[PDB]
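This document contains two forms of one protein chain, each encoded as structure tokens and listed individually as structure 1 and structure 2.
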Structure 1
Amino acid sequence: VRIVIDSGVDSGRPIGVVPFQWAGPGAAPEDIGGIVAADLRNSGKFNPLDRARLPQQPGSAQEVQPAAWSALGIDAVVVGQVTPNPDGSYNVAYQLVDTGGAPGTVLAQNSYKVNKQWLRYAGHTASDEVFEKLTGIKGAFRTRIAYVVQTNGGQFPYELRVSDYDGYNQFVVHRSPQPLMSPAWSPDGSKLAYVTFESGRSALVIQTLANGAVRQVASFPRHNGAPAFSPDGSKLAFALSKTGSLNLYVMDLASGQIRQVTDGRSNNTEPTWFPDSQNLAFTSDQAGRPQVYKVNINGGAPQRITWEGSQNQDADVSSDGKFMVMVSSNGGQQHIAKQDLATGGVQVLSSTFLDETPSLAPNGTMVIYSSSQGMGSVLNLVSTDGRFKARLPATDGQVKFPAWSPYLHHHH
């Protein structure tokens, strides 16, 4: 997949991102300035100046002419250098230069030594530092996404894949003849839990990405699914329907001990953790149509928390616990909505068709989700203020079940 932006950039903060200086003949091994500009645009917060229009192309902070940029309403410029090392690695350095009220002052700078295969990563690190310095929000440019691609035909039509957040460096985690569901990231970013029907029924598993190792979590009769790792690394929440309806369970990852959290005759599924690793939001149909409820895993009756439209489900709680996104339905349409968890206020974010499975970026500023376009599923992005909208189109196959990775604690 790759990001295609549909709306929201024009209003963004103007910024200058200059092509990086290259200490060699011909083209640089990677366009680091291009990566930084794309990342900042993808955040929905910045409007990098077009290359046709750069007033100068300085290769260092000292070469910046602040007046050329203030004349364009640009208060910051990113410059940088890529240089080769004798061991075959590269240095990627950037400087962020104030071109507003402190003209010529360097606000931030760094240099990274990386192998050729990690040059995009170096670009994303620069983007993360620039983004955080200017906005005060931690950058998510070094994150990855997981998603399921379903092709037409073949012995293994279902693939769970992982890529960088912008689509690059895609790889296949697992191929299957039968549906795959609901990938979930461990907080250390090393594992995905997911559901597979390849055995003839559902099984919930955890796969280690680096080596493909698979741990079986649950394959009780009926459904085993809807995983979510606790932020503290200790637990996996999930839903089982062996009792006759979906209910919530938690596994202590160290011991493998499973404890039942809900025992309703209603269906209770789609758990998502609060930052404390003790409370879950989840979908229950206890009240009739699905709504989102919250419960502490240690005790107490679930409490209904949603009243928007006619029905609400499939929530994702933000990393700070201040809000959630969810799928809100009525009458006959379903969209991604954001609910403030202190006030109960709601804002509908999307207007696409059959919106589902929203997942927040770890800085809480962006939502990846899936919708229907023509006859098949696709991936969408919407900012949490609703202003920025983009897609992640694929060349082949339907794309669904996206999940945004945590922050960090042929490849290029």
Structure 2
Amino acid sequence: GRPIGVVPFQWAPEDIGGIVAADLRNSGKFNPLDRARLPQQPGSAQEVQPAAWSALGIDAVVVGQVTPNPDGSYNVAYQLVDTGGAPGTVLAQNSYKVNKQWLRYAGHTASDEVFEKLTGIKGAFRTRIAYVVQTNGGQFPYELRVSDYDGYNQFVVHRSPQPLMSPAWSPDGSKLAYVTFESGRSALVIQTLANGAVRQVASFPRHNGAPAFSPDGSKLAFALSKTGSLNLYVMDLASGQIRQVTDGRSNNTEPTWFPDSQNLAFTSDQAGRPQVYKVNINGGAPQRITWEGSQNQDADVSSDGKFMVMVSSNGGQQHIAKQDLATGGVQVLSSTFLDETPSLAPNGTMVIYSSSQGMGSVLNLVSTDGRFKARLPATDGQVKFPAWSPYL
């Protein structure tokens, strides 16, 4: 990755430089210099001595300050300093006031702005993930939770006595669709995060599952098995009208949207072993799009439509892999066991998924260039179905 210097911020209620460093490394785009190896610890743009950094192959340095305010809040400021072609030039800088609970958010804001200034890619460090935890609690063992993308600041959205599956975020980040077995069978519901209001979407006979909101906010795709097998359906969210997208006796599920809100990728057993297909929601037959491997399933298409990640079987093993949608090129990304249910960061730089790490008590992160892999912090249960929020 791109070498970069991230210096401890001048003060401590939280280690802001540590957060920036972790964020930049998580993206796979950067290789922040290990803290022990730093040549100096400048607290301001003026204290930067650019030669010590260029000597290490580093052409950008992040410095910052954290100052406490009389009202009990904190000022967090950062400055991005060029240590390459224009040594000492401030490329980017910002300063803001936050109370203690938002110090992590302050760090992620610095990460986002530094990231974007250097890569030209919008940052996703202030985003969230939704997931389901099966705890050992007896009365309500299933919880739909939300946390920051790195596992911090987790909160409970819904608790249930019965299994929950496959949460999906609305594009404005304000709602979560999910599958619940609370009534004694499957139902698809949409829950408004702010007030806890639950809208009933579908509870047809047999299975109701695998929801996905269109990027434009107008439609919800999902699968129903009422006809005798899983088929894809789309609901117009304004009216509640439902249209059948696929028909026939194969199983078609796990829909994910293309950026145009008109096409879906999805998994079908039409060819035998699961493969990924594309279909226009308005008409026409599905087209198979995965030809490499022996099995490919549970796709997520990137927000720019350039590629998709999915669970792919190659050389006998299943891992998270990425398929370029223009070239057809495929790259295996993860190396862990029992890799499943991948979900892309809204900038396409990172994938969150589930594996055997910690016997399923943790979620995993892998950068989409395959350069960096990490476990999220452990939860107090079995964690499944991660869903990466849109930009917030």
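What we label the rigid core is the largest C-alpha set whose atoms superpose within 1.5 Å from one form to the other. Sequence positions of structure 1, starting at 1, serve as the residue numbers.
Enquirer: Compare C-alpha positions between the two structures after fitting on the rigid core and state which of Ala38, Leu349, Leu360, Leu381 moves by at least 2 angstroms.
Expert: The only residue crossing the 2 Å threshold is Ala38.
Enquirer: Superpose on the rigid core, then tell me if the C-alpha of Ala122 is displaced by 2 angstroms or more between the two structures.
Expert: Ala122 C-alpha, core-superposed: shift of 2 Å or more.
Enquirer: C-alpha of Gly88: shift of 2 angstroms or more between the two structures, rigid core aligned?
Expert: Yes: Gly88 shifts by at least 2 Å between the two structures.
Enquirer: Any chance the CA of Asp316 moves 2 angstroms or more between the two structures, core superposed?
Expert: Result for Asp316: no, shift under 2 Å.
Enquirer: Keeping the rigid core fixed, work out how far the Cα of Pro58 travels between the two structures, to one decimal in Å.
Expert: With the rigid core fitted, the alpha carbon of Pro58 is displaced 4.0 Å between the two structures.
Enquirer: Could the core-superposed CA displacement of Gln334 between the two structures be given in angstrom, to one decimal?
Expert: So the C-alpha of this residue moves 1.6 Å.
Enquirer: Once the core is aligned, what is the C-alpha displacement of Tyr112 between the two structures? Give it in Å to one decimal.
Expert: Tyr112 C-alpha displacement between the two structures, core-aligned: 2.9 Å.
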